[PDB]
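Topology and contacts: notes
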Amino acid sequence: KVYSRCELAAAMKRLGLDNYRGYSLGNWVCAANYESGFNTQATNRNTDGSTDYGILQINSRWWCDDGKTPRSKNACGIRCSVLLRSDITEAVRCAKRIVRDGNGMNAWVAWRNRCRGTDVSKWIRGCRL
């Protein structure tokens, strides 16, 4: 599923991400934009044999099981395929765990790159929620 910006904002709001560990909703929408273009089916392969999955490009070395990544630690306890589904419930649950790991949203390089230190409220402008 490719979400629209406001559809995703509303879904993430409903699933409890707004101000999760102090990160306002716009942070999460912005991160998703730059990680995956709002596409739950996005995948990106890396040189350690890992792959990033889904709308928040969650990595298979550390966070999910894709059956083909050496030294995987699958800390979210999920098959990476669940992160390709249209329903983002499981992706959000994993993202919450990631952001409890100790680095906050620094876990998402696209967030560091394009969202950190910007007015992230623009990402929820115009949305009904």
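These residue numbers run from 1 along each chain by written sequence and may not equal the entry numbers. Residues without coordinates are not shown. Where side-chain values are given, they derive from all heavy atoms of the structure, hydrogens and water being excluded. Residues with missing side-chain atoms are left out of burial classes, side-chain pairs and their counts.

- By the method listed in its record, X-ray crystallography, this PDB entry was determined to a resolution of 1.6500 Å.

1. A word on the overall build of the protein chain
- Where helices and strands are cited, they refer to DSSP runs of H or I of at least four residues and of E of at least two residues respectively, numbered from the N terminus. Scanning the protein chain from terminus to terminus reveals 4 helices and 3 strands.
- Start at the N end of the protein chain and walk to the C end: the helices and strands fall as α-α-β-β-β-α-α.
- Put simply, the radius of gyration uses C-alpha atoms, and a globule should come to 2.2 Å times the residue count raised to 0.38. Here the C-alpha radius of gyration of the protein chain, 14 Å, is about what a compact globule of 129 residues would show, namely 14 Å.
- Residue contacts are defined here by distance: any two heavy atoms, one from each residue, within 4.5 Å place the two residues in contact. By sequence separation, contacts in the protein chain at least 24 residues apart represent 50% of the contacts at least 6 residues apart.

2. Considerations on the nonpolar core
- Of all hydrophobic cores here, the largest spans 40 residues; its most connected members are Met12, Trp28, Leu56 and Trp108.
- Contributions of two or more residues to this core are made by α1 (5-14), α2 (25-36) and α3 (89-100).
- If near-sequence neighbours (up to four positions away) are discounted, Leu56 is found in contact with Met12, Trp28, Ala31, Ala32, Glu35, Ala95 and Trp108. Only buried residues count toward a nonpolar core, which is a set of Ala, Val, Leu, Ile, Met, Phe, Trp, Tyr and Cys residues joined through side-chain atoms within 4.5 Å. Under the scheme applied here, a residue whose accessible area is under 20% of the maximum for its type counts as buried, over 50% as exposed, and between as partly exposed, the area being computed with a 1.4 Å probe on protein chains only.

3. Focus on α2
- Helices are assigned an expected span. That span is 1.5 Å times one less than the residue count. For α2, spanning 12 residues, the distance from its first C-alpha to its last is 17 Å, which sits close to the expected 16 Å at 1.5 Å a residue.
- Counted residue by residue, α2 has 9 buried out of 12 residues, so it is predominantly covered.
- Those residues of α2 lying buried are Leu25, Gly26, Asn27, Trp28, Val29, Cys30, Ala31, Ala32 and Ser36.
- Where α2 is buried, its residues touch α1, α3 and α4 (109-114).

4. Some thoughts on the side chain of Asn59
- Mapped onto the elements of the fold, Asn59 is located in strand β3 (residues 58-59).
- By the criterion applied in these results, polar contacts are pairs of N or O atoms within 3.5 Å in which, for protein atoms, one can donate a hydrogen and the other can accept it, and in which residues neighboring in sequence qualify only through two side-chain atoms. Of the polar contacts made by the side chain of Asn59, one reaches the backbone nitrogen of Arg61; its length is 2.8 Å.
- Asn59 has contacts with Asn46, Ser50, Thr51, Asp52 and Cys64, leaving out every residue within four places of it along the chain.

5. As for the packing of α1 against α2
- Lines are fitted to the C-alpha atoms to define the axes, a helix being fitted only along its stretch in contact, and any angle between axes, read from their N-to-C directions, falls within 0 to 180 degrees. At a minimum axis distance of 10 Å, the contact between α1 and α2 shows a crossing angle of 130°. Considering their axes alone, α1 and α2 lie oblique with respect to each other. Considering the relative orientation of α1 and α2, their crossing is right-handed. For the pair α1 and α2, contact is made by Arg5, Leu8, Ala9, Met12 and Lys13 and by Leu25, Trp28, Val29 and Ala32, respectively.
- A breakdown of the residues in the contact of α1 with α2 according to their chemical character gives 7 nonpolar, no polar and 2 charged. Our angle categories are set so that under 35 degrees counts as roughly parallel, over 145 as roughly antiparallel, 65 to 115 as roughly perpendicular, and the remainder as oblique. Working rule for handedness: look at the near helix, and if it is turned counterclockwise from the far one by less than a right angle, call the crossing left-handed; if clockwise, right-handed. The residue classification treats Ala, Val, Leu, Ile, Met, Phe, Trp, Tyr, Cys and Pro as nonpolar and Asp, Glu, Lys and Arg as charged. All others, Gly included, are polar.

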